[PDB]
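Chain nomenclature is as follows: A, B, C, D and E, assigned in order of appearance, with residue numbering initiated at 1 for each chain independently.
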Amino acid sequence: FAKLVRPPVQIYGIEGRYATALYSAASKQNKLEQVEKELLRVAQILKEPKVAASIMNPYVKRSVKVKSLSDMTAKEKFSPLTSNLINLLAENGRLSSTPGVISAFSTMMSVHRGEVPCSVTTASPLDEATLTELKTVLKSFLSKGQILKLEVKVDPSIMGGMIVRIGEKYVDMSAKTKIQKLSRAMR
Amino acid sequence: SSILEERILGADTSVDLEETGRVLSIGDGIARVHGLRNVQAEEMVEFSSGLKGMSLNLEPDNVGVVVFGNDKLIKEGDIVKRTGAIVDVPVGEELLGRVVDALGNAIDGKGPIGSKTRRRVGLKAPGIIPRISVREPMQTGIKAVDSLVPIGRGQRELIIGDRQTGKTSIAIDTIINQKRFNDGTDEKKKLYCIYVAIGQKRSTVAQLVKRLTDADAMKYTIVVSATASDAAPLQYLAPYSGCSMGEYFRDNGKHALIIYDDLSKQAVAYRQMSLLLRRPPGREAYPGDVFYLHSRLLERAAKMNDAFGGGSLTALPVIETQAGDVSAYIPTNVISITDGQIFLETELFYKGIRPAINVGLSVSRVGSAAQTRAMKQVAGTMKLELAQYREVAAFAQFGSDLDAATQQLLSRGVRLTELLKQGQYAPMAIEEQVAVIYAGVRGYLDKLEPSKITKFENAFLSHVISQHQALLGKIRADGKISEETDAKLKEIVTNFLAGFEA
Amino acid sequence: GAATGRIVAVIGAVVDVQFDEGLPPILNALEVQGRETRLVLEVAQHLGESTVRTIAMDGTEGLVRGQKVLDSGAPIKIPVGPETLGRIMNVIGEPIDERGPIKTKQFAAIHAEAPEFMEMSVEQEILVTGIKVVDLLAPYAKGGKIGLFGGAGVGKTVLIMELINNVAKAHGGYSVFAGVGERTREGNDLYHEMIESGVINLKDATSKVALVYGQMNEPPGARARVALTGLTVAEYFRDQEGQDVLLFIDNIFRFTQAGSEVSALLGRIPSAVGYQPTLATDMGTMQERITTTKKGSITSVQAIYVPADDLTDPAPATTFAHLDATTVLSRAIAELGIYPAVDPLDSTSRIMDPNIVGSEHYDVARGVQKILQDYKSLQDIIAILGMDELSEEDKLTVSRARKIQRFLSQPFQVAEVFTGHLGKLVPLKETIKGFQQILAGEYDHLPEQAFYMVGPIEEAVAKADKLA
Amino acid sequence: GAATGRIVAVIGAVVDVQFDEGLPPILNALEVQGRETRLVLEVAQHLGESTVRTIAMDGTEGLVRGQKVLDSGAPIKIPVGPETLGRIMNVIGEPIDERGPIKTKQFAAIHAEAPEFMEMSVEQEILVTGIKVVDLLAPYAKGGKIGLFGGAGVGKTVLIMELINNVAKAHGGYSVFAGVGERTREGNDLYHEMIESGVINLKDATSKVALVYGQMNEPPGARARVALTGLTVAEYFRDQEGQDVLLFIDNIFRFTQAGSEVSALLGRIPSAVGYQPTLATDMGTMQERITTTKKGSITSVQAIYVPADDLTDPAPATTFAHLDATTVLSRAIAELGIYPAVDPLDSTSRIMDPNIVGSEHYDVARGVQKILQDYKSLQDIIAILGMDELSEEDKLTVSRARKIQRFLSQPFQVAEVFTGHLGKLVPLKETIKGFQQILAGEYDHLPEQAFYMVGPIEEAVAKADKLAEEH
Amino acid sequence: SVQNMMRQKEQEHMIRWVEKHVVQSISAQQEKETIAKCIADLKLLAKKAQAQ
């Protein structure tokens, strides 16, 4: 056997077996930034009431789901190493988990330049003068030549603060600090 | 009130970045946590609500975590934090006279314990160089223990038997009986004690603190308590925490004692806690390393050499067995870790021998025979006179008559058997033991009746403490029973026997 | 409407349910919409990515996938108060006496914690019952747990119908009965025997006993939780009213037998002979709330079943650490005819003590076990060889310990309808006096058929007077 | 360093590592970085995608995933040679006695193969230890293999520390004591019982023993490889130097039993009563390296714990074939005060043979065992008929048999702190002569209490005169 | 024994009065929360500065 390029996520399960065999095969010949553009076009033709009618049908035939997608994957735009991959999943019986692999390849390819975004969870939204700081003072932490991304979700049970999660960091400043006043009642 | 306001100004609201793992499941105590990259094994992790837990399994996808508490405040999607410390409990002499839970928080309500030093529950037993042999005695005050099956200081002795035979009472007369040394003057005859309650309901442990506080026994012990209501990772952690307060004493000079009541309930808290972590079962669904569970515990009970401090740490593990069968799985794995045993039975308890000790089977590696010098004289001959009895005294159906030949020897046993019986929560001393044992082996009781020897004992014992106090002080001071001390006792038994029954 | 969920999988009584936002915390209640009756699901697990696994209280037949499920917000709550007396309930607290609703001012959740260390009461006394085997050898207390271990067909409930007939009449406070997994005609003859005898009053508010019932027809998510229901009506009468309540439980084994029937389907590797991995933590969370405390006093009497007549089985043999008294019954005793078939050698107490039970009583206690053990320790030789190869002293612990076994059998009040013999109650002081006259040897001429099924000791010489 | 792997899964004492470049073979050693103590992991399986499954030799606390792992290129390499005498050593070959390091010039990797069929010395001898049950009924052999069975508390640490006194001081060759998982208390006596007795000398270079100690406070992967650090020091003295060695191991059941503690965590289906499915294979891989070839000799004495006195257990009953001589201690005999507890009707040797020990030694020890099996058929009659119903010939049997049973007992020298008696050491020519006369009838006129705890038969008449004078 | 029990019943009520009253007092404020956010920025601005 041979050694392979290490993906910077290393997920597990039935996704990350096939979603690393694709990352290692396409990182050879430097086919990396191209192949995500082709995997997002099979990511639209999978959801079709004739294509998805037999991509998850058990009772069609073991063989005719191999010729029907191989004729489909080659003619319209592309003939890269993905045409072998769709032929590889279909030859094994893993056609049901096909949307799982591309959602697994996307999170594996995103970290090659991405951030795994933070999650500010405070209140009803804010103005521009207090948000463009937190979209810039959250860039002062990382410092590795990167372009940050973010999510926002509103929760009122946190009464008077904001929680944020840069990766797996969780600097919590909120109204948990009422429960921390148990030490007054704790002798 | 000034107390609540001063507690709230001393509170520190420090904030820092944690290291944090989202929860993926929570059921029956196990919380498989996504995230938690740099976590150690056996690290203490802290949930959001105030709970606490210990990450046992490491795995590439998830991280198995068991909870010290209750799993109903924890919902999928929670936050698990990082402390940064393998699991440790407070330690010191400042815990003396308290009842504490399995992580060192007081459940008596006398307040916060002021403790300064913290010691792990997973530390290592000392090896071959820093020990020494067993020089000293440990007095229990039982008369069947101190004479026939003695226990040195630093020796693991196993009290084994059924339910409701005397296993807890044997190890609580021992707690009471060291009252006389602890108010004395020398710092090398004391014995500080520790009781670990595993799998016991709170209407037994709050009742044993009563029995230990009228006799003022609680001023020199600690009670580490993990009741049957606790989480199954809290009954597993309790003897490893109680043994680590014992090694404040032993690693600083003094002498400790520790009772595990019991160790058949620290095993079914390991069988359950490590089946829900998906570990494959062994025999009786016990894990692979129940022998490694008990062995890494019972080897800290050392006896250090005198260039380290010379301190000792006795241990008295209790084991409950089913139907009196000693060939089970967890009994035999712990018979072969301890130096000697005390086999408590049921047919001894009911025929009348209480404390129900099988003195035939209660073997003991004698601990360099540190019985004491005077007891060696009277219980050396007692050991052989009782052994001579047991070979020949099991007929219950007589046909022939040999009063010159056999019936003299078996009359010496029933006078020494009915001498060995005792009461409850009233333990003797050693020179009050030498006196009453002197009168049994020297033929000074063969003209009584055996239904009057228990009555003969207390009238004898009250006469010697009252009228003969300077006699017994020459046995305790000089150690031995001297030949002139043999002379003075020869009249006292016969003067009392002249006017005992009148 | 905090959350909406659809059934996803159904295996027996373990319904799976997926939510979309607002996951319920563990041991909430969920309401299944679209049924004729009430169907309440109680959350047990959290299986990952917005999906819970629940255990259902009633039957699950007729459920389809996608069927909606609504979130209550709270655990199973029941109406508790002084109007609960004389009413029968089920696991979710609905009146099954067909006499209309139960209207109280407050509601009590099924799941609550245990009392602390510093809320325990240590004071012990003696509750004299009127049974010779229990008064002499193993005395009950006033505020402590009691167990009645026994097989199938020995007498664990005829014995519990006496400790109502002797203690719940002369009681001053209230009373609570619970039926966990035993048969339903016996739960009907406790309604038509407490209405006739004035304990249930159908017409006003002068009733003493409460009732709670989940029997052996329910699904096993109900038998696993009916015992926490009668345990909650017997805590309001302790903490908030401050009374002295009794509590009779029969049978408490089915809290555990019907907990290893839903533990296989939750995805758990089994422990020894087939039981759940958590056998002895759920028992120590139910039993740690049945306590006497500083605010009241509950005097528990629990009947316990031993499977296939085995006392080393893991379900009976972990109950023993939670008791104070113990009355191990036996089968081979009851083949002779000694009823109540109590094992005198296996039954204990914590108050049998010379300072508590009195130093005269304590010596008739330990002195009658000594003569009983010595009859057992010769049964090897008597069975093979014969009676006639014994000494003369050990033909006098054999003939005196067969007069003592027969003088422990008493006719009960509840058993008059079986055999037609008058139920006898003895006092305490006439049993100590009546055993010292068998130990000292005053009755050594009377036969052994005269000490059998009589009350106080003067009937033994009267039965001996009859046969001549 | 090569193949600096990384840790992924620490579940118990079974760590799995993942290698980027170079996969190491089975049975190697791996070095976990960044720890102040030395933790050694040995490779055991190859899983796929370049991950191996190892076993730690120490505590697995503080093992964070993603931690580097080096590789040495060989199995564990201990010190060996002549300078390892009077020392105590670890499983991975380190000092544990605080005397400094072991300065040797030769290392031996602990995984070797059993010597072939054409390197097998065939000769038998005899060996005299001094005990009247060993030398009469189950005699040893110079170069044989000797196993000491029996339960817990019957006398195996005494009978093995008495033979260290008897044989291993009057011997020209060397000895090794390997402690495979026993009480650390008992590993402090024998270190000090042999400093005052000259076998260990702490200032000069004339010691004659080497110690290997990994005890029962150790994780169960390190209690499976002190059985092999023993017979790697005890093989350099046989092969390389042409000497003669003695092998003392206590206890060898903890080698098997510590392989059942990591079987299912490795990934195997467990066999019968709970043991690993490789019982008689990992055992016989080790018990064939303890042999006498044609370059030297080894006389091996191993203590064998029988769990719960159950001899038909699979851990002892697969050890009865790797041994020449079995001495089986019972417990129903040591309850009668008889010491050594050795069962007369269950011990057995190979050289009990009328062509090696002679046709006078053989006729005696086949009449001692024949009168003791004649006893047990009478003990079932006594329990019903009583003693004074028997005939006058059968009364003569019970009296001699109780005289023989008491004469098999002998006061050891290491019972001078337990019983207070004085020790014996009986020669072989007196052992045969004494037992020959009790069967004849030349001591039918004595009490039985003369024979209890004596040496030669001439001391058993010097007691029957003192009993009659003090009468 | 009466002096101590009436202190214990008073102590728990005194705690819950301060605790249950602060829930509405922290909920009503709307101007100081904007003050509370800028210091929460400045704490995080201070927090990343000591790391790197």
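Please note the rule applied: a contact is a pair of C-beta atoms (placed from the backbone, for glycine too) under 8 Å apart; a residue touches a chain by one contact, two chains touch by 3 or more.
Here's who's who by UniProt: A = ATP synthase peripheral stalk subunit OSCP, mitochondrial; B = ATP synthase F(1) complex subunit alpha, mitochondrial; C, D = ATP synthase subunit beta.
For the pairs A-B and B-D, the count of C-beta pairs in contact is higher at B-D.
Seen from the Cα centre of subunit A, the chain whose own Cα centre is farthest off is D. Of all chains shown, the one whose average CA position lies nearest the global CA mean is B. Rounded to a whole number, the gap between the C-alpha centres of subunit B and subunit C is 33 angstrom. Spacing of subunit A relative to subunit D, judged by their CA centroids, is 61 angstrom.
Per-chain CA centroids place subunit B at a distance of 47 Å from subunit E. Residues of subunit D in contact with two or more other chains: none. Of all residues in subunit A, those touching 2 or more other chains are 171, 173, 181, 184-185, listed in ascending order.
The set of subunit B residues touching two or more other chains comprises 4, 15-17, 37, 60, 109, 280. Against subunit E, in their complex, subunit A makes its touches with residues 122-123, 126, 130, 133-134, 137, 140-141, 143, 159-162, 164, 171, 173, 175, 178, 181, 184-185. Those residues of subunit E whose C-beta lies close enough to touch subunit A in the complex are 15, 19, 22-23, 26-27, 29, 33, 36-38, 40-41, 43-45, 47-48, 51-52. Put simply, subunit A touches subunit B in their complex at residues 10, 12-13, 165, 168-173, 176-177, 179-187.
Of all residues in subunit C, those touching subunit B in their complex are 23, 25-27, 44-48, 50, 53, 114-118, 120, 122, 144, 266, 268-272, 277-281, 283-285, 287-288, 291-292, 311-312, 317, 320-322, 324, 326, 345, 348, 353, 366, 369-370, 372-374, 377-378, 381, 389-391, 394.
Interface residues of subunit B, counted against subunit C in their complex, comprise 24-28, 71-77, 99, 107-109, 163-164, 199-203, 205-207, 210, 225, 227-229, 231-232, 268, 271-272, 275-276, 278, 280-281, 284-285, 322-323, 346-347, 350-352, 396-398, 424.
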